[PDB]
2 protein chains.
Amino acid sequence: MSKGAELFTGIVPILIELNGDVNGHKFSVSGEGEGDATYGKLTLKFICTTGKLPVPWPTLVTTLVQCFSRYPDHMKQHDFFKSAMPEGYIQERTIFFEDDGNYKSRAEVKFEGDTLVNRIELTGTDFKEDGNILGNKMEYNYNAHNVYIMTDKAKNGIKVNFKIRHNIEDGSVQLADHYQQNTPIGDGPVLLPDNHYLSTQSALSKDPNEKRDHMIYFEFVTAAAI
Amino acid sequence: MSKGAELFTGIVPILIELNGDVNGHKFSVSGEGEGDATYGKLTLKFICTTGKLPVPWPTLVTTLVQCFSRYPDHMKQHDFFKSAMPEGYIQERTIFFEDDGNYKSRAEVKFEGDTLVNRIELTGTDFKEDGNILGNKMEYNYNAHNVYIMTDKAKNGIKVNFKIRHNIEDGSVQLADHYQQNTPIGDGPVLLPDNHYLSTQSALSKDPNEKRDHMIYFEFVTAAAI
């Protein structure tokens with residue numbers, strides 16, 4: 001295992017901050033909640049702090065803390081994410097939406113005191129104004145995905161890839177192809193994993209009494225061998 | 001005393017009991033947990049009480065209480081499921097697994113004391129020995145689905161249809177085509193809805209310390225207009 005993994009044996013408070021700019025539409029999101037890595041469970045509430053969110057909430061789910069994955073005991077040697085803590089890691093992505101534009105993101109994920117914090121900058125470009133993102137044609141829901149992880153030795157980190165399936169209001173499915181890299185912030189040794197994946201499942205909900213534009217988010221994640 | 005949707009304003013205990021026979025393999029499942037219709041959420045723990053389950057857990061998710069859906073204020077007059085309570089409803093299904101066998105089920109959903117009980121009989125047939133079901137090739141996860149509901153006036157009830165997408169270990173998807181009808185057990189007034197759907201999202205998990213064959217199940221459901 002790792003020293004960093006010891007920070008996740010209980011329930012850890014989470015703070016998330018995102019600034020986004022998609023086809024020139026600027027927005028910010030704040031989130032808070034808690035993670036339980038022993039069972040691979042996360043619960044988060046997000047608010048669009050700038051007013052109305054100009055893209056669908058489902059497009060932001062992957063951008064908005066994989067250190068909360070459950071790694072079974074026999075796989076603990078493969079948990080890069082916790083091993084990088086508390087100093088943290090940089091998480092970078094490019095996301096290609098099928099027949100549409102792309103997102104690029106850079107985040108820093110680290111502890112500040114007792115809290116695990118994820119601070120993100122996101123840019124989206126080349127979206128179609130009548131596509132499913134800017135045209136807001138994505139259903140308010142989420143599916144199950146496998147997140148594939150391998151070591152990137154030259155970078156002392158990992159490369160990650162997966163394809164998200166977004167349900168569209170006409171019954172179709174639009175893919176979002178994710179390419180991700182994570183690099184440690186600190187100088188300490190990290191765990192560089194064998195190839196494996198994270199089984200991820202999620203649900204998007206609302207608080208009927210919350211008048212702000214918001215997302216209540218539930219996630220369940222467990223690592224598995226290939 | 002309390003009737004209809006009045007029975008669902010708080011947290012309600014749930015009991016699920018299923019007796020199944022699939023390609024001649026007999027088994028039973030018991031589930032317990034709680035539902036919160038105000039937010040459209042439920043949580044259940046299922047155990048195979050006869051030992052090892054002879055089919056994948058994902059195949060049984062839909063069979064194993066749509067009265068826990070959140071109906072928004074503008075749709076309260078369309079909630080058949082709660083309107084039938086406490087006396088309850090019969091739920092019957094036929095389910096076809098693409099290029100494989102079928103399930104047929106009959107359930108009674110009603111209050112027994114303060115518990116909402118779903119008691120089910122299920123028969124499966126025509127499965128392939130090396131198909132995804134009997135060959136155990138279904139991933140342990142679940143996706144988001146729309147459940148379409150209309151009135152069935154002749155039966156004083158509803159007709160329901162949907163298709164489940166089951167993720168398969170090779171990266172394919174196997175569809176399960178569902179045909180469902182619900183009719184009240186009692187003779188009191190019920191709500192016969194306009195056409196609408198339920199947006200359903202779920203996640204399947206495990207308790208690492210539970211040795212029995214089991215499923216921890218989370219569901220989130222909200223009704224929406226068409």
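Note: hydrogens, waters and symmetry copies are ignored here, and every other heavy atom, side chains too, is used. Just so it is clear: chains get the letters A, B, ... in the order the sequence lines come, proteins before strands, and each one is counted from 1.
Between the side chains of A:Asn146 and B:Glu139, at least one donor N or O sits under 3.5 Å from an acceptor N or O.
Interface check for chain A: of the options B:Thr38, B:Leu204, B:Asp73, B:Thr200, the most heavy-atom pairs under 4.5 Å are formed by B:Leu204. Of all the listed residues (A:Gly171, A:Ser205, A:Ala203, A:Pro72), the one sharing the greatest number of non-hydrogen pairs under 4.5 Å with chain B is A:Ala203. When the candidates A:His145, A:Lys206, A:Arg70 are compared by the number of heavy-atom contacts under 4.5 Å with chain B, A:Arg70 comes out ahead.
With a 6.0 Å radius and a threshold of 12 heavy atoms from other residues, nucleotides or ligands, B:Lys76 has its NZ atom above the threshold. Atom NZ of A:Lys104 sits in a sparse spot, with 12 or fewer heavy atoms from other residues, nucleotides or ligands closer than 6.0 Å. Shown here is B:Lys163, whose NZ atom has no more than 12 heavy atoms of other residues, nucleotides or ligands within 6.0 Å. Crowding of B:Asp170 atom CG: a count of heavy atoms from other residues, nucleotides or ligands under 6.0 Å exceeding 12. Taking a 6.0 Å sphere around CE of A:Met150, one finds it holds 12 or fewer heavy atoms contributed by other residues, nucleotides or ligands. A:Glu32 CD: 12 or fewer foreign heavy atoms inside a 6.0 Å radius.
Within residues 207-226 of chain A, the residues having any heavy atom less than 4.5 Å from a heavy atom of chain B are, in residue-number order, A:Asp207, A:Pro208, A:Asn209, A:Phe218, A:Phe220. Residues of residues 39-59 of chain B lying under 4.5 angstrom from chain A, judged on non-hydrogen atoms, are B:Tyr39, B:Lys41 by number.
In plain terms, the two heavy atoms of A:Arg165 and B:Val173 that are nearest each other are NH2-CG2, 3.5 Å.
Within the 4.5 angstrom heavy-atom criterion, only side-chain atoms of B:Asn167, from C-beta onward, approach chain A.
For the pair B:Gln201 (side chain) and A:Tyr142 (backbone), a donor-acceptor distance under 3.5 Å is present. Between the side chain of A:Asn141 and the main chain of B:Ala144, no donor-acceptor pair closer than 3.5 Å is present.
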